[PDB]
Amino acid sequence: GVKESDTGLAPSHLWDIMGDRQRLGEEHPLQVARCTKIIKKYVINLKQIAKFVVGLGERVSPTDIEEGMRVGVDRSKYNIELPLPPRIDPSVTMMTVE
Amino acid sequence: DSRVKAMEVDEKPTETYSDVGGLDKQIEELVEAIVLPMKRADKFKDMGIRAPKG
Ligand SMILES: Nc1ncnc2c1ncn2[C@@H]1O[C@H](COP(=O)(O)OP(=O)(O)OP(=O)(O)O)[C@@H](O)[C@H]1O
């Protein structure tokens with residue numbers, strides 16, 4: 001075929017059936033946001049600049065949600081799903097980890 | 001801002017003034033300027049003076 005190919009076209013057949021199960025599941029998309037204030041409830045800010053007060057996901061304890069932390073929220077009614085590792089600057093200083 | 005909240009006190013490890021070596025007259029003069037107008041705030045109000053600001 002050699003159109004929309006980027007692999008050895010042998011492990012991508014099996015990968016093709018695996019991606020159908022991930023497309024049906026909503027592990028993604030998760031819109032990436034960041035916390036601004038924990039309210040003993042959270043004050044989330046989206047990147048498209050519009051702020052929301054959200055609840056809590058059934059995936060995670062509230063112990064793991066911290067100040068300023070990057071968090072993924074639902075595509076629809078915004079709810080905190082998964083904590084993420086911080087820092088968006090890493091793209092010059094990540095290049096020098098030897 | 002979220003950076004202000006990270007700046008708040010997370011508790012700085014107990015130094016105690018005994019582990020600042022020497023420097024006696026400096027300690028005195030700081031605690032005169034910062035510490036007292038918080039705790040002993042009634043003795044400045046009766047005296048009439050304003051409280052040192054920094
Ligand atoms: N008078 C002192 N008694 C005991 N330890 C001291 C004394 N002065 C300095 N030290 C030791 O030196 C270390 C470094 O001091 P410090 O970082 O305060 O320097 P500085 O005067 O703040 O320098 P800068 O010009 O960068 O502000 C301290 O952690 C402390 O252990």
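Residues numbered from 1 in each chain as written, not as in the entry; some residues may be left out. Chains lettered and ligands numbered in written order. Part of a larger assembly, values for the part shown. Heavy atoms only, no water.

Per the PDB record, the structure was determined using cryo-EM to 4.1 Å resolution.

## Points about the pattern of salt bridges
Rules: Note on definitions: salt bridges are taken to be side-chain nitrogens of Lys or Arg within 4 Å of carboxyl oxygens of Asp or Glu. Numbering goes from the N terminus for both helices and strands, where a helix is a DSSP run of H or I of at least four residues and a strand is a run of E of at least two. With a 1.4 Å probe rolled over the protein chains alone, any residue whose accessible area is under 20% of its type maximum counts as buried; one over 50% counts as exposed, and the rest are partly exposed.
Scanning the entire structure with this criterion turns up three salt bridges over all chains. Linking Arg-59 of chain A and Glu-81 of chain A is a salt bridge whose minimum nitrogen-to-oxygen distance equals 3.7 Å. Of this pair, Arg-59 of chain A sits in the loop between β3 (51-54) and β4 (70-73) while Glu-81 of chain A sits in strand β5 (residues 80-83), and the two are 22 residues apart along the sequence. The class for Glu-81 of chain A is buried, based on a relative accessible area of 9%. The partner of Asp-1 of chain B in a salt bridge is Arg-3 of chain B, and the shortest N-O contact between them spans 3.2 Å.

## Brief notes about a negative patch on the surface
Which entries qualify depends on this criterion: The residues that make up patches have over 30% relative accessible area and no salt bridge, and they are joined within 9 Å when like-charged or within 5 Å when they are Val, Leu, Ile, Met, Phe, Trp or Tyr. Computed with a 1.4 Å probe, the accessible areas rest on the Shrake-Rupley method; for each residue, only the protein chains presented here act as cover. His is not counted, nor are the chain ends; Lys and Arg add positive charge and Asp and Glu add negative charge. All charge positions are set by atom: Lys at NZ, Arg at CZ, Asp at CG, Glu at CD.
The grouping of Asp-64, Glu-66 and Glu-67 of chain A together with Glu-8 and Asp-10 of chain B at the surface amounts to a negative patch. As for its placement among the helices and strands, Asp-10 of chain B is situated in the loop between α1 (2-7) and α2 (24-39).

## Quick word on the environment of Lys-5 of chain B
Under the convention used in this document: Contacts are assigned to residue pairs with any non-hydrogen atoms lying within 4.5 Å of each other.
When you line up the elements, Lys-5 of chain B lands in helix α1. Setting aside residues no more than four positions away along its own chain, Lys-5 of chain B makes contact with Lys-37 and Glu-67 of chain A.

## Notes on unusual backbone geometry
Residue and element names in this part refer to chain A. Geometrically, the link from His-28 to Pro-29 is a cis peptide bond, its omega value of -5 degrees lying close to zero. Secondary-structure assignment places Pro-29 in the loop between α1 (12-24) and β1 (31-38). Located in the positive-phi region is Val-2, a residue other than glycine, with phi close to 60 degrees. Following the sequence through the fold, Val-2 ends up in the segment before α1. By relative accessible area, which is 78% here, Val-2 ends up exposed. Positioned with a positive phi, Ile-49 is a non-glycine residue whose angle comes to about 50 degrees. The residue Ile-49 is located in the loop between β2 (42-45) and β3 in this model.

## Things to note about the packing of aromatic side chains
All names here are of chain A. Under the convention used in this document: In this scheme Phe, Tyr and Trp rings, the latter by its six-membered ring, pair at centre separations within 6.5 Å, and the angle between planes marks the pair as stacked below 30 degrees, edge-to-face above 60, and tilted otherwise.
A complete count under the given rule lists one aromatic pair over all chains for this structure. Their ring planes at 40 degrees and their centres at 4.4 Å tell us that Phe-52 and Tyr-78 sit as a pair that is tilted. Taken together, the positions of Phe-52 in strand β3 and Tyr-78 in the loop between β4 and β5 put the pair 26 residues apart, joining distant regions of the chain. The class for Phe-52 is partly exposed, based on a relative accessible area of 30%.

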